[PDB]
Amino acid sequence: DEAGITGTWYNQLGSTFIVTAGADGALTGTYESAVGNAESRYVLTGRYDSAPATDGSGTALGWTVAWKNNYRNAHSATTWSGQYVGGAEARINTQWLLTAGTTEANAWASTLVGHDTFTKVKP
């Protein structure tokens, strides 16, 4: 939901995701990672299902961060894919792909995979 997703989210690492959901299905915001080659806030953009099912299924969504801002450039990008689950203990359950720019000889080693769970309460 628009005002379900909009706001501040924390994952299990202590990273902070501040997002605004548009009526169209846009997500826009900033991300601050607690870990990795990262400092301060990075722009994010994504999309969500702006007319989800009302059968107790989650709301599908995804977003991207390119790890370039006015401090640092890690030459990498992370995408989170997952769903917003509402009601009590609201959460966004995600899996993510982090791709680093590599030479083609090393492209086999370009991409990390993991899982982040975001909650409304600070961990």
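Note that residue numbering begins at 1 and tracks the sequence as displayed.
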Handout entry: 34 to 42 or 81 to 89, whichever carries the higher mean Cα B-factor
Key = 81 to 89
Problem - Entry-level comparison of average CA B-factors, 50 to 58 and 94 to 102, reporting the higher stretch - result: 50 to 58
Handout entry: Top Cα B factor in the deposited entry, candidates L13, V113, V19, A23
Key = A23
Exercise for the section: Could you say whether, by C-alpha temperature factor, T64 belongs to the lowest, middle or highest third of its chain? Expected result: lowest
Exercise for the section: Taking the values exactly as deposited, rank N70 by C-alpha B-factor within its chain and report the matching third: lowest, middle or highest. Expected result: highest
